[PDB]
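Encoded as structure tokens, the following chain is the form deposited in one PDB entry, with no partner shown.
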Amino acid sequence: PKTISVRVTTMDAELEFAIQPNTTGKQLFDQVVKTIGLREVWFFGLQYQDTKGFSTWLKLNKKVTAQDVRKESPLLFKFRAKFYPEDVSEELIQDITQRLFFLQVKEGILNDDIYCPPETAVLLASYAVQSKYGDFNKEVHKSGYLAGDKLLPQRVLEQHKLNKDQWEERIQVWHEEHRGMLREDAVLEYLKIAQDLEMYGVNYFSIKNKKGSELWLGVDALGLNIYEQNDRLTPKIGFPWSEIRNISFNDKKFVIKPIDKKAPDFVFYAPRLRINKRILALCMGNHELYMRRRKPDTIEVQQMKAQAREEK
């Protein structure tokens, strides 16, 4: 009885199969990760477009068909990193995990979802090039060798007065600097640079304050940030976990209450009840992983890390 046609896409694979009508989110998730051979599953989730066309995370503790998925066939899901580590070097152990994060993060940088200044864009492109092409080779890598590739954000190409040959030269010089680097180490170096970007690993929600002024909430691995409507880079106010006594939710309102009782409460509003609920859930998830990564590695993790440096 496998009567529900699904398509799950990762950053570089497409899976098409059928599920039973009683299949839970977890069961669907488990089949995907088994198929692709991913073990570092804690970072990941399945995203779908609801009936209004909003991106939504599948809840793994509910049946698939009981959730606001659309009425198309096949049902369409994206398997994506949902939670980001505090440090890629310490926490992305296996090559597959590193690759999935690399491709997702790179897509966001090239699509201008994650802001990157031009110099960082160039350095990131140089590592992407090392990973794709291996060592720079003057014999082979003639002028124009990068001409096909999408290597920089359009904003960086729009806003500036270099041409595309001049952009290739910008990247080429750094490509040549990485000579001898293993392609996988280039992917790790990419992620090391990207994880320091202001927008990296931040989930933004449109909110208002108690006077009705528009702001953003960001939720990330370390806590919550409040941003000016016109600036998603520099937080107006930061709330690391350690400074939060509780968050009190009431319909569309959430109130951040400090540990410091001699500090004030901060009141904001989500545009919809469903969104406020999503804010809580993503806060709870992030905070759990925050606690977990500070505990000693599980046996499974200790073995994966051993298996990984065995492979050198």
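Only the largest set of C-alpha atoms that superpose within 1.5 Å between the two forms is called the rigid core. Residues carry their position along the shown sequence, with the first being 1.
The protein also exists as the form deposited with a partner chain bound; that form is not presented, and the subsequent description refers to it.
**Student:** Taking any heavy atom pair closer than or equal to 4.5 Å as contact, tell me whether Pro240 reaches the partner chain in the deposited bound form.
**Tutor:** Yes, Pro240 sits close enough to the partner chain in the deposited bound form that at least one of its heavy atoms falls within 4.5 Å.
**Student:** Is there a non-hydrogen atom of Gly180 within 4.5 angstroms of a non-hydrogen atom of the partner chain in the deposited bound form?
**Tutor:** So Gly180 does not count as contacting the partner chain.
**Student:** Might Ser73 be said to contact the partner chain in the deposited bound form, defining contact as any heavy atom within 4.5 Å?
**Tutor:** The answer is no: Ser73 has no heavy atom within 4.5 Å of the partner chain.
**Student:** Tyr127 versus the partner chain, in the deposited bound form: is there a non-hydrogen atom within 4.5 Å?
**Tutor:** Yes, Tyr127 lies within 4.5 Å of the partner chain in the deposited bound form.
**Student:** Looking at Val122, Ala81, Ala186, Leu92, which is the one with a non-hydrogen atom within 4.5 Å of the partner chain in the deposited bound form?
**Tutor:** Spelling it out, the residue with a heavy atom inside the cut-off is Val122.
**Student:** Honest question, do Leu110, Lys138 and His175 all end up within 4.5 Å of the partner chain in the deposited bound form by heavy atom distance?
**Tutor:** Negative, none of the three is within 4.5 Å.
**Student:** To test your reading of the superposition: with the rigid core aligned, which of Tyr200, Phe102, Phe83, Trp167 moves its Cα by 2 angstroms or more between this form and the one not shown?
**Tutor:** If I go through the list carefully, the shifting residue is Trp167.
**Student:** Taking the rigid core as the reference frame, tell me whether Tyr145 has a CA displacement of 2 angstroms or more between this form and the one not shown.
**Tutor:** Result for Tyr145: yes, a 2 Å-plus shift.
**Student:** Does the distance between the two CA positions of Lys261 reach 2 Å or more between this form and the one not shown, the core being superposed?
**Tutor:** After core superposition, the displacement of the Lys261 C-alpha between this form and the one not shown reaches the 2 Å mark, so yes.
**Student:** So with the core overlaid, does the Cα of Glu243 end up 2 Å or more away between this form and the one not shown?
**Tutor:** For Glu243, whose C-alpha is compared between this form and the one not shown after core superposition, the shift is 2 Å or more.
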